[PDB]
Every structure is written in structure tokens, then in C-alpha cells.
Amino acid sequence: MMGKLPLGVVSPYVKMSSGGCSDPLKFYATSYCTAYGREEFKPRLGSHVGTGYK
Amino acid sequence: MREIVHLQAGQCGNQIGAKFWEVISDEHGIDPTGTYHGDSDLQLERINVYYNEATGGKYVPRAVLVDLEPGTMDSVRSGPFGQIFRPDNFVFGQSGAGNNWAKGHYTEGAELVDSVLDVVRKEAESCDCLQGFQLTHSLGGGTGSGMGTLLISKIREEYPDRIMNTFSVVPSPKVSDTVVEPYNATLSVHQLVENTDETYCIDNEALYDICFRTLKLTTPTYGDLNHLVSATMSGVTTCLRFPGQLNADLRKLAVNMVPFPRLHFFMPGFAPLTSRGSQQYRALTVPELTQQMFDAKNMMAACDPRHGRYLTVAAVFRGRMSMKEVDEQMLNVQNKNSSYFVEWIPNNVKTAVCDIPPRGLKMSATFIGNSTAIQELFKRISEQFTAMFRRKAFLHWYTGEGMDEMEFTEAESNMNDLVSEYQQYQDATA
Amino acid sequence: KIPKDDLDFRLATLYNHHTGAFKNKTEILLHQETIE
Amino acid sequence: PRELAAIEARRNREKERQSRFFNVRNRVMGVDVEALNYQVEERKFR
Amino acid sequence: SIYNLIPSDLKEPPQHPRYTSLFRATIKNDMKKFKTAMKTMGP
Amino acid sequence: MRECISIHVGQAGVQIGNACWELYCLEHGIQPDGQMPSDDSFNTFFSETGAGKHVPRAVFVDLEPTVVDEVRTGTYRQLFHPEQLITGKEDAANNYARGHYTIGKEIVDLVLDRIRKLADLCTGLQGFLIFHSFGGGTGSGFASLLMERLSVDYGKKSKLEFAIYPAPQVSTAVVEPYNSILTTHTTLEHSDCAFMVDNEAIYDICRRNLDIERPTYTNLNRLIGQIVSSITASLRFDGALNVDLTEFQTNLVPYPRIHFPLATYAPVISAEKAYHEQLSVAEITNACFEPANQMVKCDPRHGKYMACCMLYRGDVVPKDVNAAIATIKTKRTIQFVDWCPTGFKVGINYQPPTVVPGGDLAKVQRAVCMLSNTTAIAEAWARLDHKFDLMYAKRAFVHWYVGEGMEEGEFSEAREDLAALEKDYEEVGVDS
Ligand SMILES: Nc1nc2c(ncn2[C@@H]2O[C@H](COP(=O)(O)OP(=O)(O)OP(=O)(O)O)[C@@H](O)[C@H]2O)c(=O)[nH]1
Ligand SMILES: Nc1nc2c(ncn2[C@@H]2O[C@H](COP(=O)(O)OP(=O)(O)O)[C@@H](O)[C@H]2O)c(=O)[nH]1
Ligand SMILES: [Mg+2]
């Protein structure tokens, strides 16, 4: 957190911060979140490699 | 990232900024102890602009409390958010100025400058990429108007490129609370005119006016006045901390407001100052917001822009709105009142939005305007200083400190240079 | 002097590995056309 | 595999293409009334 | 040569005034279409 | 295979990509994670990975974190390469000068790699799509310098330009004419096409047609997404007359100094208004010529068309297109230059425009886009020249730009370049 960080770098808080509430009725709702917000979607961490002998 | 060190000088500076650190603690969800108890995740995303991290999950404001007297610092510590400041930032001496600009600037503050520079440079180094500093003081005192400028003049030499804001408090004509007021005021504004990027002119008699007019408070104490000033200071850097559809910073507001380097004096205002009779009969909608924005009664200076020409106008909005109405209503004020805006600058208004409104409120805005009506302040100080400087009145106090008499001549000649140069820009042909 | 490749793009930067120490990406890739 | 899958995709796509195109009424003038109704209701809710 | 060693006169033209758009007079006419004096703030 | 890399610059550039890249993801079936739940129509924008997952060919740049910082947190945080989105420490702050000489030069080098690394991943590059804004500093300054280097690095590739022109009446900046006049040199000798579009016209169209009385920028970005989608719809999916980027460059540009078309999209109607109106090929192509639907605040009836590019999409047939072309030609309100007897280049595509949930347009079985190179645009710059001239005379705001480290003589020269360009467009309007 207290580091100097390189030039194109994600800040330590926003490396993991969750966005504001997607519902317009709740406070701290951003314009981006109200424009594109989907609570019922947890992104799968898709990753796969390998296949040498084949 | 983008950090600000909040300076502080004098009783006015300490009492104003004591409220200021509270209102931004509430905005960031920080308890009087100093820990994070907020609920939204954006409440701690850009907290490093002001706060400094401490061990145990605590936060220390990046403030430097300076005053020649240890007096108000006891009251500062005895406040509700008293112990949020780390004690090593409190810098103070033995004997104050006693509303004497000379003692603060030359004979007493010159001992206190070196220590403050040590704390300031310590805070300056800690942040990676500091945007600038920010000083709150009054021009009718001895320390904030005195050594408070000597901090300005030294630091500018050390850091030229960084922005320096000054939420100064200028004396008022109708009722004054210091008799050597124009002596310190006419000689402090010379320091501002050479070493300052922006100054906001806040006058108390306007602040006393607004509380009765737009809020109808029977007993507005200096706390309600100080909260009114501190809402402006939050409103200029809200776009710095919180994301917006169309963002702005201090420097973005800096470039568009000074057409020439001599002009950095403005008059601010706060939009949703709504009275306790008028909330029942009201419709919170953006034309009503800009209606109260541009009404001259809402200014917090002792000058009437209806007497002069608006050079450039800033409108920093808070809350989620629709920008078509933001662009239209700005255009309506632009054209319906043609003669109050200069002709050689088309589109004299700059707009910016910040998505998150102030806590507990839905819609808001703040206004920064550079007007030629501010020259009515300088001439008034000039005459009140000259009439006091004709007869060598109250002067033995200052020249006994070792100052010659000649700085008063150049401080008033520079000051009367500004009013003549301001006047020529008012009466200019397209 | 057209790079035509990422490898030849990074192969023309002004960053002596021996002397330059503890730099970030932008300090690694520095070009004379940029310093013009 | 995907090479022949592309052929079959072009096949059923051209068949449905001729079904939609050859009806002159729907070709010169065509709306999905249920989709328009759905988005009207969604707009009203918002 | 002996004639190129002689210094030679140099005359260069300062060109000519820049092009002015055909709609410029229309723009100057339109500059006061809706602007009004002290209609909302007041005198 | 045809591929395009997008080089979104500035807050306007970043926000537009939010509308564009969500549109392309929903068009092809991309889930927000980037993975298909279900031939290679996506190769023009996406690229395959070692995990069987698609990554766009985009590079988001800004000189301040918080615009792009949100993108790293929202629903598409897992869709874009964490290094693909480059930010900065300090911004130009509405200043072409700082973004061209002081702050930008620290980050010209970094982006020029990711442009190259995205370039080598492609085999046959078709073009570069550049989104920026003429008003702000970063979208003008750093945008300008990156074309100067992109010109000498990629001398043959096609660099397209979508940009926000400063509006004649409203704006968000006071210092905005100085950037606008001085940016024009870069989009004159270092670009191949340009699509200056203005916010008031989109403001006018959205209120009049889409019933939205109170729009915001998202309501503006979505229409900009539809226009770029129409241009690349020929490349991504098959067509009766597929028109590549090289084809429509050919039949729009009579002279290299003239690469400023005007964009138009139709139909744009709400479902209630789409309920009581049939939409034929003739109907929409008549709306493409209405000056109330042009996306630039200029009237083509005050000028004459030199070249008009067509782009139909959806359930359209060449028989009706030739019928609609003939009727338009028989209209004395529409003028054409003498040396262009035939000024049409028609493109047909199968796949109808896809609609976005939470959007505004109705789902329509057919549409049309318009790229008409007209000489009525030359009035737009003439307005800018006057406002710049009445500002520059008293020398306002010059202390900011010169003290940065740029010479004051470049100001006068930049004003001359637009002055020379305006004369060239009016000469084309002269008829023998
Ligand atoms: N049409 C449209 N214009 C936008 C949008 N966002 C910003 N702009 C335009 O951008 C201009 C100012 O530049 P910005 O994009 O806000 O920021 P910037 O380009 O990075 O320049 P700086 O603010 O100096 O950093 C304004 O004149 C707006 O018209 C948008 O979402 N849609
Ligand atoms: N707005 C505001 N002004 C104050 C406050 N306290 C003092 N002042 C102003 O400060 C001036 C006197 O300041 P002073 O104590 O002499 O400042 P110092 O000499 O720098 O310590 C008076 O004119 C007051 O108007 C406050 O709480 N709010
Ligand atoms: Mg910007």
C-alpha cells in the first residue's frame, strides 16, 4: 500500500475493491454500475493448459 | 498517487480546519478514534489523497497545525475530533503577534519557520506524487496573515510546480474586529499576488448574511460558519477523490480560471443551502440548483458580481444527474444575461460532475467564479490603509520591529497596480 | 529503422542492464525518438 | 470438423434465409411484436 | 567561380493574407441571436 | 484474417469502449468472463488464448487513474488484460501542451509496445480504430503524438478516427478552442479518415426520436457504438457486397486533403413509435438525408455531396436498394458536384443489428448507415476560427501553454492550417 508503484499499475485498494451497489435505489451507486451491473453473475476463473504427449 | 497536505495557520486557520477534518472524516466514514467504519467500498478507495496510513488500521490526517500561541490548540484537542491529529504535527511557540503582522512575519515567526518546514517536508516526502498544498488563514490577524504568508513564500521556492490553494478570510467593511486590519491586509495580499496559484475570498459578513437569508438560523455560531466554509473546500476536491462521469481536479480548475497570472481571486458559493421553512415547499431539480447558484446573495464575498463582468465561471457538481439539463441551464444563464460576461471569451463557464453526492444529500454543487467585481475589495482596503498611513498612525509598532517604511509604498503600489489592470480587462473591446 | 517486431522494438531501448538498476517498465523502454 | 460444420451452418442458415426473404410481407415490413412488447414493458417498469 | 563568389541578392515574398471563410459575416450576424442584457440576474 | 486494434484515448475514449466492447461481446455471445458457453467471426476483434478464451484487441489509455480504475473493478474486470489499460499519475488537465510535451512523453513508450504486441498477435492487420476527444488535453495532446509515431511506424496501415468535435454553443471547457485548432494538424497529415461527431446533434436526436427527455453520456455512447458496428459488420459476418476498410476509403476521398465524411444512422426510434410505423429500405434512406438527423450541426443543403458511402444491414435486398437510390437522385434538394455523376458505394450485410438490454433502440429487422463526404462541414471550422480568433487577439490563457515549453508561433501557424484547409473545401464547391 505505501509503495511508490510503477506507471501503469492498479492501486492496492482497487486491486480487490468491490464496486458500488448496482441497484439504483441504494446509495453509492455509480453511473457505470447502474449502466452495466449484474449481481447474479460470478465470473468463473477459467484457465486450462497442457497437452504435450497428444 | 495524488496527495494534498492541508496547511493551517492562526486561530481562524485552526478553527476552520478543525471542522474541515471532521466533515471529510464523515465523508470517508472515519470515527473520532481514527478507524474505518464505513460501508461503501468507494468510501475507502482514494483515501490516500488526504489520510496517511497508521499501524493497526488507523488513519492520520496530513495536517500541520501552526499558530504562534498554544492557546487554541487546547480547544482544538478538546474538540469532538480532537485526538485524530497526530501530536507531532502541532507546531507552536511562546509569544504571539497580537494582531501585529510585523512580529509574525519578521521577529517571531522567523524562529518558527524552520520547525514547520521540517514537518511539512516530512509529509511532502512520504507521499509519492503530491498534487499540492492547501492553506487556510485570515488576513486580519497576526499569524495566519503574518508568518502564514512566510510559509507560502518559502515553500513556493522549494516546490515551484505544485499547486497552492489559499482559503483566505478577508476583512469586512461594515464591521471589523481589528483596528490594524488594513495594515496587515494590504501587506499580506502583496504576498498572495506574487506567490499563490489560487485564492478564495471568504468574507464573514457574507457568511453571517447567508445563515439568516437561506437557512433562517436564529443563533448561527462560528461552528455553523466554519461548517459553511468547509463544505466549499470539500466541493472542490470531491471530483479528485470520487469518480464521475465528467471529472476534474484542482489543476484542471486552475488552468481554465486564470487568464493571466495576476488574477487568482474568486468568490465561491454552495448550492443546496436550503432553509427549514423551505424544504416543505421545494422540488429538488437541477434548474432550481443553478437558480440559487447564480443569485448574487449566495456569494460568500463582499462584492457584487452584478457590478462587474464575470471572466470565467466554474460549476463543480455533486450527485448523479442528467447532463443535458446541466448543459442547457448553464447555457440559459450564459445568454439571458449577456452584459455580465466578457465578450472576448466565448463560453465563460466550465462544468464538472462528481457521481457521489455529499453524505445525507441527493443533489448539490459548488461555484467558483473569477469576477472583476473583486476589485471593489482592493480599492476599499487601499483607501482604508492609505487614510491610516497618511498620518503615520499605528506605525510605531511596525517600524519598531525593524521594517523600513518603504514596503508599505510598494505593497500599496502593487495593490493599486492590480486594480488598474483589473479595470482595463473589464472595459475591453472584442 | 522500422522495428517490424516486438523483440526489435524492445531491442532498441536505451537501458544498459549493468548500470540501470531497479527500474519500472517505462524506464526499461526509453527511445531516442521519445526523448526528441 | 469445423470445416464441414461451417458448410452445414451455411446450409440451414440459407434455408431460413429463403424462408424469411421470400415472404414479401415480412421482407419489406417486419417487426417481432413480442420483442417490442417486452421492451415496452421493461421501459415502463424502469 | 569568380561570379558565384560575389554575394547574391535575396528577395522573398511575405505571401498574402489568409483565407477568410464565406460564412464569417453570417457568424458575426448570428453572434447576437439570443443574448440579452440583465434578464435573469437583474440590474 | 481481417483484424482491427482499437486505441481508445482519454475519458471520452475509455467510456465509448465500454459501450462498444459490451456490444461486441453480446453480438458474438461473449460472456463477461470472456468464455464461450457454446465460424471465427470474432477474430476481427478477439484473439484466442491457451485456455480457450477470447481477449479483445484493445488498448485503453488515460493520464489519470480513476476513469480506468473503475473498469478494473466492475463486471468486465476479468475480460481485459490488466496491463492493456494504462493510466498515469498526473493528467494534462485540459491542456494540449502538457499532454504533448511534458506528461505524455513518459507514457508514449509504454503504449507503443502494447500496440506492437497486439500487432504481432495479428497476422494481417486491417486497420487501427482511434477514439479520442478534441476538447481535453489527453485526448488531444497525447492522442496527437501517438499518431505522429504511428504514422512513421505503420506507414501503410489504415488509421481511422472517431472524435468529439467541440460543440458550437455548449461545452464543458473554456480553454477548449486552443486544443481544437492545434490538434487539427495531426488529423490532417497523419490520418486516413475522420469522423468528427458533435454532442449537441446526438442530444437533439435522442430527445426528438428516442423519447428520452433527460439523457446522459451512456445514451450518447451507445449510438456511437452502433456506427462503428455497422462499418465492421461487413468484416465480421458475410455480406452480399462486403465492403472492407480499403473499399470505402477509395469511394469517399477525392483528394488526400479531403478525408472528413459525416456519419448518419437510421432508424433510431422507440418501440412505441416503432409500433405504428413500417420500416422499409426507402423509408430509412430518406431519414438518412434529413438534416435534423445529421450527427454534425451543419446542413448539407447548404453544400453539395462529393461522395456518399452506403452501408445497409439486416433483411435488405439489392432490388429495393437500387429503387431507393433512384428516388434520392431525383430530388433537387439533394445536390451533387459536377465531376461525380455516380456517388454511391453500397454495402449489404445479412445479420440485423443486435439490441442491448437496458438500451433504448427497438429491435429492428433492417437498418442503414451513411457516410457522405459533403462540403457543408466547412462551416463548422469557420465557427471555431472566429471563437479562437477573438480569444487569441487579447492573448488569453497563452501563459499556460507557453510556460509549459511550446513556442507561441505555433499558435498562428495552426490557425493558418485550418484557414488553408477551409479554402480547399470551398474550391471543391465551385462548379465549372
Ligand atoms: N460524446 C462524448 N463526449 C465525451 C464523453 N466523455 C468526455 N467527453 C468529451 O471529452 C471532453 C473533455 O475531455 P475528457 O474526455 O473529459 O478528458 P480527456 O480527454 O482525457 O482530457 P483531460 O480531461 O484534460 O484529461 C469534453 O469536451 C467532452 O465533450 C462521452 O462519454 N461522450
Ligand atoms: N470564518 C471564521 N473566521 C474566524 C474564525 N475565528 C476567527 N476568525 C477570523 O479571524 C480574524 C482574527 O484572526 P486571528 O485570531 O487574529 O488570526 P491569527 O492572528 O493568525 O491567529 C477575525 O477577523 C475573524 O473574523 C472562525 O471560526 N471562522
Ligand atoms: Mg480527461
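Residues numbered from 1 in each chain as written, not as in the entry; some residues may be left out. Chains lettered and ligands numbered in written order. Part of a larger assembly, values for the part shown. Heavy atoms only, no water.

The record lists cryo-EM as the method behind this PDB entry and 3.5 Å as its resolution.

1. Some details on the overall build of chain D
Check the secondary structure of chain D and you find 3 helices and 0 strands. Judged by the C-alpha coordinates and their principal axes, chain D covers about 45 × 30 × 10 Å. The buried share of chain D, taken over its 46 residues, is 13%. Approximately 4000 Å² of chain D is accessible, and the part contributed by carbon and sulfur atoms is 55%. Counting 12 positive and 8 negative side-chain charges, chain D places the averaged centre of each group 4 Å from the other. (Helix = DSSP H or I, 4+ residues; strand = E, 2+ residues; numbered from the N terminus. Buried < 20%, exposed > 50% of the residue type's maximum accessible area, 1.4 Å probe, protein only. Areas by Shrake-Rupley, 256 points an atom, 1.4 Å probe, with all protein chains shown as cover. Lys, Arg positive; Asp, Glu negative; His and termini not counted. Charge placed at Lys NZ, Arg CZ, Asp CG, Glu CD.)

2. With respect to the site of ligand 2
Residues and elements named next belong to chain B. Of all residues adjacent to ligand 2, which total 14 residues, the nearest are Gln11, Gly142, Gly144, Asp177 and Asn226. In the model, an oxygen atom of ligand 2 is placed 3.3 Å from a nitrogen or oxygen of the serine 138 side chain. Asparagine 226 places a side-chain nitrogen or oxygen 2.5 Å from a nitrogen atom of ligand 2. Out of a free accessible area of 590 Å², ligand 2 has 88% covered by protein chains. Sorting the residues of the shell around ligand 2 by element identifies α1 (10-27), α5 (143-158) and α8 (222-241) as the ones contributing at least two each. It is α1 that provides the largest number of residues to the shell around ligand 2, a total of 4 residues. Residue classes in the shell around ligand 2 are distributed as 2 nonpolar, 11 polar and 1 charged. (Near = heavy atom within 4 Å. Polar contact = N/O pair within 3.5 Å; in protein donor to acceptor, adjacent residues only side chain to side chain. Nonpolar A, V, L, I, M, F, W, Y, C, P; charged D, E, K, R; others polar.)

3. A closer look at the packing of helix α4 (residues 109-126) of chain B against α5 of chain B
In a packed pair of helices, the relevant descriptors are the angle between the two axes and the axis-to-axis distance. Residue and element names in this part refer to chain B. Running from N to C, α4 and α5 point in directions that differ by 55°, and their axes come no closer than 10 Å. As far as their axial angle goes, α5 and α4 are oblique. In this structure, the crossing between α4 and α5 has a hand that is right-handed. Residues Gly109, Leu112, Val113, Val116, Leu117, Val120 and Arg121 of α4 touch α5, and the partners they reach there are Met147, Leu150, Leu151, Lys154 and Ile155. Each residue belonging to the contact of α4 with α5 can be placed in one class, and the counts come to 9 nonpolar, 1 polar and 2 charged. (Axes fitted to C-alpha atoms, helices over the stretch in contact; angles between N-to-C directions. Parallel < 35°, antiparallel > 145°, perpendicular 65-115°, else oblique. Left-handed = near helix turned anticlockwise from the far one by under 90°. Contact = heavy atoms within 4.5 Å.)

4. Considerations on the UniProt feature "binding site: GTP" in chain B
Residues and elements named next belong to chain B. The positions UniProt marks with the feature "binding site: GTP" are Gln11, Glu69, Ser138, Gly142, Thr143, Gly144, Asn204 and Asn226. In three dimensions, the annotated residues from a span of 216 residues occupy distinct locations, with a maximal C-alpha spread of 23.0 Å. For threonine 143, the location among the structural elements is in helix α5. By relative accessible area, which is 10% here, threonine 143 ends up buried. Excluding anything up to four places from it in sequence, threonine 143 contacts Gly10, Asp67, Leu68 and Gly148. (UniProt positions renumbered as here; feature names shortened; annotations may be inferred.)

5. Quick word on the nonpolar core
In terms of nonpolar packing, the biggest core is built from 62 residues, with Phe265 of chain B together with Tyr178, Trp381 and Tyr425 of chain F touching the most fellow members. Residues within four places of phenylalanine 265 of chain B in sequence aside, it is in contact with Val189, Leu192, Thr199, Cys201, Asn370, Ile374, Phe378, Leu418 and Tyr422 of chain B. If you look at the next biggest cluster of nonpolar residues, it comprises 61 residues, including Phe45, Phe60, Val67 and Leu371 of chain F. (Core = buried A, V, L, I, M, F, W, Y, C linked by side-chain atoms within 4.5 Å.)

6. Comments concerning the pairing of strand β12 (residues 366-374) of chain F
All names here are of chain F. By the criterion of burial, β12 is predominantly enclosed, with 9 of the 9 residues buried. Every second residue of β12 is oriented toward a common face, with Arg366, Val368, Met370, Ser372 and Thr374 on one face and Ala367, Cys369, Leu371 and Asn373 on the other, all of them buried. The sheet contact formed by strand β9 (residues 262-266) and β12 spans 5 bridges and is antiparallel. Residue pairing across strands places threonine 264 opposite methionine 370, the latter belonging to β12. (Pairing = 2+ DSSP bridges.)

7. Structural notes on the pairing of strand β6 (residues 124-133) of chain F
Residues and elements named next belong to chain F. Counting buried positions along β6 gives 8 out of 10 residues, so the element sits mostly inside the fold. With 5 bridges joining them, strand β1 (residues 2-6) and β6 adopt parallel strand pairing. Residue pairing across strands places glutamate 3 opposite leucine 125, the latter belonging to β6. Alignment of β6 against strand β7 (residues 158-164), held across 7 bridges, turns out to be parallel. Within β7, the residue paired with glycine 127 across the bridge is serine 158. Crossover connection from β6 via helix α5 (residues 141-153) to parallel β7: handedness right-handed. (Right-handed = clockwise from strand over helix to strand, strands pointing away.)

8. Here's the deal with the environment of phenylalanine 389 of chain B
All names here are of chain B. Locating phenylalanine 389 in the fold gives a position in helix α12 (residues 375-390). What makes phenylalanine 389 buried here is its relative accessible area of 15%. Separated by 19 residues in the primary sequence, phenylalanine 389 and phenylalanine 408 have C-alpha atoms spaced 8.5 Å apart.

9. Notes on the pattern of salt bridges
As enumerated under the stated definition, the model contains 40 salt bridges over all chains in all. In this structure, the salt-bridge partner of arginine 241 of chain B is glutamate 27 of chain B, at a minimum N-O distance of 2.6 Å. With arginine 241 of chain B in helix α8 and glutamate 27 of chain B in helix α1, this pair connects stretches of sequence that are 214 residues apart. Comparing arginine 241 of chain B with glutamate 27 of chain B, the two get one shared label, buried. One salt bridge in this structure joins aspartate 192 of chain F and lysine 159 of chain F, with 3.6 Å as the shortest N-O distance. (Salt bridge = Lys/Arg side-chain N within 4 Å of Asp/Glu carboxyl O.)

10. Things to note about the sheet that holds β9 of chain F
Residues and elements named next belong to chain F. Judged by pairing direction, the sheet is mixed, and its 4 strands sit side by side in the order β9-β12-β10-β11 without closing on themselves. Among the strands making up the open sheet, the edge pair consists of β9 and β11 (344-345). Each of β9, β10 (305-314) and β12 touches helix α9 (residues 217-236); the most contacted strand, β10, lies at about 80° to it.

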